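Residue numbers (the entry's author numbering), protein chains in the order written: chain L, 2 to 27, 27A, 28 to 214; chain H, 1 to 52, 52A, 53 to 82, 82A to 82C, 83 to 100, 100A, 101 to 128, 133 to 214. Notes to accompany the following structure.
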Amino acid sequence: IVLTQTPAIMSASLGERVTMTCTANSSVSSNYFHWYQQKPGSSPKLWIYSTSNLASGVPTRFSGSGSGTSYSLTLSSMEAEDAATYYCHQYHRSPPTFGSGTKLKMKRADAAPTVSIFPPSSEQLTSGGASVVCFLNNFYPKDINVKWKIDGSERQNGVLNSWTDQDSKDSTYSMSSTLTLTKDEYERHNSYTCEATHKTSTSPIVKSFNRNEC
Amino acid sequence: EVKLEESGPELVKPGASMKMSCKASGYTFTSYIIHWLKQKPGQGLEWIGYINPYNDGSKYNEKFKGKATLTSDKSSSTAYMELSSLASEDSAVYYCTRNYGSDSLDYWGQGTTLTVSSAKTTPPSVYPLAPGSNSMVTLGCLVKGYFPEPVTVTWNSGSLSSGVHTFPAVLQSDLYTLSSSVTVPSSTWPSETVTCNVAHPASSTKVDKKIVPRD
Ligand SMILES: *[C@@H]1O[C@H](CO)[C@@H](O)[C@H](O)[C@H]1NC(C)=O
Ligand SMILES: [K+]
C-alpha cells in the first residue's frame, strides 16, 4: 500500500503551527497507523501510535488524526528540536509500508558563513597527494556557491563538497569543500583561494593560503 | 531497559551473502515479533520481513522472500537476517525493531551499514587541519582514503556552542573523504591539546590525530 506524504519538504519559524499529511492508496484502519521521527545519522523513533496516541517522551505540542486514507501529524508550535524527517506507517496489511517522508526544517534569520582555509598537512604531502580544505560554517539559508581559484584561475576538478544538516542549537548549515591535487600539481602554484557567494553579502566571502607565507 | 544491539558495518562482494545479527536484552525475547527494514541513503524505510521467535515463523515481503532468510536463536536471544546473492543496490542501513501494540515499532537497533562493492576495505588516513602562517580559531581533521562507511569522529577540544561540524562522507573512486571542523577560543589553542579521534569499525582501526600548529 503506497503512502504519499506531503509536503516532501517544508520550513517553519519558531512558534508557528505545522501540519503534514499522509495519503494512502487504500483504506487503512486507524488502529494500525503510526508515525516516526528520524534525525540524520540516527534510528527512527516511534512518535505517534494508532493515529493519535503519543509515544513515551513525545512533546504534547504534537498530535495526530485521521481515518480511511488520510492522516495528519500536527505540531501546534514549531520548536528547534522538531526539525527532522517524519514518516507515516500502515500495518493494515502485509507487507507494512512507510511514507517517503516530510522533511521539516527550521526557518531562522539569515547568517553569513564564517570561512576558514587550511593547507595540506606535512603528513598528507608524504602520500603524494595534497588537499586544501575550506570550511564555511554557520550560515543560513542553505543556498551557497563555492569557487576555488589557483593563482587567479578557477579550479573545478578535484573538489569534494559536503553539507551538514541544520545544527541542533543555532539551526544553521555548514559546508566543507576539499580541493585535492597530486603533490606535483599542488607545488606548481602559489595561492589557493576559496570564495563563497551567499545572499548575506553582495561580495564573496573569501580566504586564501599562499605557499610562500608558510 | 530494553535494548536491541545490531552487529557492526560490513563490506560484502557482489554475488556473496551477508548475515547480520540483532541481540535482544531486557525483556522476554520470545514474546515479541522483530521486524527487519532497509533504508537506502536519502530514502524512506522498506520492510523486508519479520521473525516470530516464539514459534520460529518468519513472514516476508514477497519481493524479499527469495533473497532474505530471517532466523533466531533462543539460546542467545538473537535474531539474524541473511541476505543472499547481493548486488550494489542491496547497499543500505538495515534496522531491527520490536513489534509493539497494534504493530507499532517501539525499540530499534542502531542500524547495520551494509556496503556491497568490488572495492577493498581500506583504513582512513587522517590529516590535521591547522591555520596557515581573532578570539575564535577553527581547526579540523580531514579523513581520506577509507572504505566502506561509516567512520565516527569525536573531538577533545574547548569547542563553543554550535562549534563542531562533522560533514557526511563523499564517495570517489571507491574511497571516502570526510571532514570535521571544531571552533575553539584562541586562548585554548595551541595552548591546550586538541585531538580528533577517528574510528573505522569495518577495518577495526582508529586514529588519534593531534592538531599541531604549523611551524
Ligand atoms: C498511488 O497513488 C499515487 C498518487 O495518486 C499515484 O501516483 C500512484 O501511481 C499510485 N500507485 C499505484 C501502485 O497504484
Ligand atoms: K596522538
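Using N, Cα and C, we set each Cβ at its ideal position, and we do this for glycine too.
Below the 7 Å Cβ cutoff, chain L contributes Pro95 as neighbours of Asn60(H), in chain order. According to the DSSP assignment, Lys208(H) belongs to the beta strand (DSSP E) that extends over 204-209. Counting only the Cα atoms, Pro59(L) lies some 12 Å from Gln37(L).
Taking a 10 Å sphere around the C-beta of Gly152(L), we find fewer than 16 other C-beta atoms and assign the residue as exposed. Residue environment analysis places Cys140(H) among the buried positions, since at least 16 neighbouring C-beta atoms fall within 10 angstroms of its C-beta.
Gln90(L) sits in a strand when the DSSP states are folded into three classes.
With fewer than 16 other beta carbons inside 10 angstroms of its own, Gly68(L) counts as exposed.
For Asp184(L), the three-state secondary structure derived from DSSP is helix. In this structure, DSSP gives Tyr71(L) an extended state, which the three-state scheme calls strand. Residues of chain H with a Cβ closer than 7 Å to the Cβ of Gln124(L) are, in chain order, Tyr122. When distances are taken from the beta-carbon of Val28(L) to the heavy atoms of ligand 1, even the shortest one reaches 7 Å or more. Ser131, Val133, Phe135, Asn137, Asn138: these are the residues of the segment 131-152 of chain L whose beta carbon lies less than 9 Å from some beta carbon of chain H, given in chain order.
Nearest to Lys73(H) by alpha-carbon distance, out of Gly49(H), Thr110(H), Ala24(H), is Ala24(H). With respect to chain L, the C-beta atom of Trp36(H) has no partner C-beta closer than 8 Å.
At least one CB of chain L lies nearer than 8 Å to the CB of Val169(H).
Between the beta-carbon of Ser30(L) and that of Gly66(L) there is about 6 Å, and that keeps the pair under the 8 Å contact cut.
Here the segment 102-111 of chain L lies against the segment 73-91 of chain L, with 3 or more beta-carbon pairs under 8 Å apart. Here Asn161(L) has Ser177 as same chain residues with Cβ atoms under 6 Å from its own Cβ, once five neighbours each way along the sequence are excluded. No Cβ-Cβ contact shorter than 8 Å links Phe63(H) with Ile51(H). In its chain, beyond the 5 residues on either side, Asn137, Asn138 have a beta carbon closer than 7 Å to the beta carbon of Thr114(L). Taking the Cα positions, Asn26(L) is about 8 Å away from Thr5(L). Taking every residue with its beta carbon within less than 6 Å of a heavy atom belonging to ligand 2 gives, in chain order, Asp207(H), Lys209(H).
Taking a contact to require three or more Cβ pairs closer than 8 Å, the segment 13-28 of chain H and the segment 101-118 of chain H qualify as touching.
Sequence-distant Cβ neighbours of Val206(H) in its own chain, meaning closer than 6 Å and more than five residues away, are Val121, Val197.
Residue pairing by DSSP places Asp72(H) opposite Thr77(H) in a beta bridge. Identification of chain L residues near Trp154(H) by a Cβ-Cβ cut-off of 7 Å yields none; the smallest Cβ-Cβ distance measures about 14 Å.
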